[PDB]
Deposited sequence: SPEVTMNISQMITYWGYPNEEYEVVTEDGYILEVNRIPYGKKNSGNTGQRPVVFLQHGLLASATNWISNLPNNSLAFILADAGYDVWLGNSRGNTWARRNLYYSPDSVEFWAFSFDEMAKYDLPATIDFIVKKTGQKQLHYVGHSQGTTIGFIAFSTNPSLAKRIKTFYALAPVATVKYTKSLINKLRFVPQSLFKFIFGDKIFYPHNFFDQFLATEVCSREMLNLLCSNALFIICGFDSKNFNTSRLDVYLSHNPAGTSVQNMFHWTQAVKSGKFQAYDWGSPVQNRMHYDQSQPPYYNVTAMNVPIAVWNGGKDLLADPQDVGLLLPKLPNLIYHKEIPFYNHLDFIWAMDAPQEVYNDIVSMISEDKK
């Protein structure tokens, strides 16, 4: 497929949709190139803003990786909205900073904490100011939702701008997962850095020794089994248009830091939902003004939220989701797709019938 070697822009214009790139600069210096799809490729050729956040080890191209009839972003554009695809520090086209290079350790010294605290506010302020729209619709997947949880429950002025928070495969805690991500709990920082170093996160061979990895190798392409996106989010591609795997592989992950994965293993080990542990009381103070990483109050997140979770989701496992839902003040909708796993929400051929359609509707009764 021709899109295997196309960047986000080319992939979008390839299907005849409009594309715009903007540069957002975070408070702490990161420069993020965000893409915008201002209107449909004819369908609905001022308009309400809808922001899409990809998840863990993913890419902003997730929302654009298939046919225009089954990719959230394209269908949302044809439905009459102004689609903005969020880009996080570290991933492709977001690897620059005013004060340090991508080749430095300092550049990658971040986790989702920073994404919520800096990347989101900056990107949205930009979008509001550029569009003049006072509010927008937020759609997050996987880690994208957890960014929202943190942001929206600690940034009132930001939260006020979101009229509805659509969460696909939510993740606040990760204490009951069936994901290979658990194997990392067996690893201390000392070892973590010796295995993966600082900077960009690559699986290396850490996972070959695991059963699930031998089973994968047996069934699907080696290419798939040695890709961190799948290793941590599931190898199952039953509901995928297997003709486009090479496209997902060539675009994910877009750029994840070793620190971020370590923050998640910290969560796998504690089962809580809290900020990153910088290593010591002194270091945590220099970041949180406390000696202990603060916890994230999911019940202080009031934005009206709709949740869609999978029954076969190994990362955002039903059990964890189970503990989450009740804590959500103002949960306006919930649906559990039994045969759906973590990545089905983005790449499943029936994702429009199972999820997307519902969102389009739900949105066209608030802002539009």
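Trainee: Which ranges of the deposited chain go unmodelled, in order along the sequence?
Mentor: Missing CA coords only at 46-48.
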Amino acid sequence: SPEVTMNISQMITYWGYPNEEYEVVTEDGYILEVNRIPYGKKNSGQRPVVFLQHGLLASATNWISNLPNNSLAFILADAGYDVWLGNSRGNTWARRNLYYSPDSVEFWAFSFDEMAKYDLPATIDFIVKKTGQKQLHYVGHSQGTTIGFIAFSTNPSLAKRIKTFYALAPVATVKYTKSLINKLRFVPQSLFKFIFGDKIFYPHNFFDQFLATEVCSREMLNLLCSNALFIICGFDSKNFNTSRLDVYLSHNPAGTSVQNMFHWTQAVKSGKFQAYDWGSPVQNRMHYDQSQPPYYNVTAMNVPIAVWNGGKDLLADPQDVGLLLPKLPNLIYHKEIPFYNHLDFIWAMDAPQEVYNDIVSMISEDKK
From here on, numbers count along this sequence of modelled residues.
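Trainee: When the C-alpha temperature factors are averaged for each of 264-272 and 210-218, which stretch ends up with the higher value in the entry?
Mentor: Here the higher of the two C-alpha B-factor means belongs to 210-218.
Trainee: Can you tell me which stretch has the higher mean Cα B-factor, 56-64 or 302-310?
Mentor: 302-310 has the higher mean C-alpha B-factor.
Trainee: Whose C-alpha has the highest temperature factor in the PDB entry: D198, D119, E106, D82?
Mentor: So the option with the highest C-alpha B-factor is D82.
Trainee: For the C-alpha B-factor as written in the entry, point me to the maximum among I232, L224, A167, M115.
Mentor: Of the candidates given, the C-alpha B-factor peaks at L224.
Trainee: Compared with the other modelled residues in the chain, in which third is the CA B-factor of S291?
Mentor: For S291, whose C-alpha B-factor we compare with every modelled residue in the chain, the answer is the highest third.
Trainee: Ranked by Cα temperature factor within the chain, is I359 in the lowest third, the middle third or the highest third?
Mentor: Tercile = highest for this residue's CA B-factor.
Trainee: Against its chain's modelled residues, does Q46's Cα B factor rank lowest, middle or highest third?
Mentor: According to the entry, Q46 has a C-alpha B-factor in the chain's middle third.
Trainee: Of the three thirds of its chain by CA temperature factor, lowest, middle or highest, which one includes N69?
Mentor: Its C-alpha B-factor, which the entry lists for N69, ranks in the middle third among residues of this chain.
Trainee: Relative to the other modelled residues of the same chain, rank the CA B-factor of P329 and answer lowest, middle or highest third.
Mentor: Ranked within chain, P329 CA B lands in the highest tercile.
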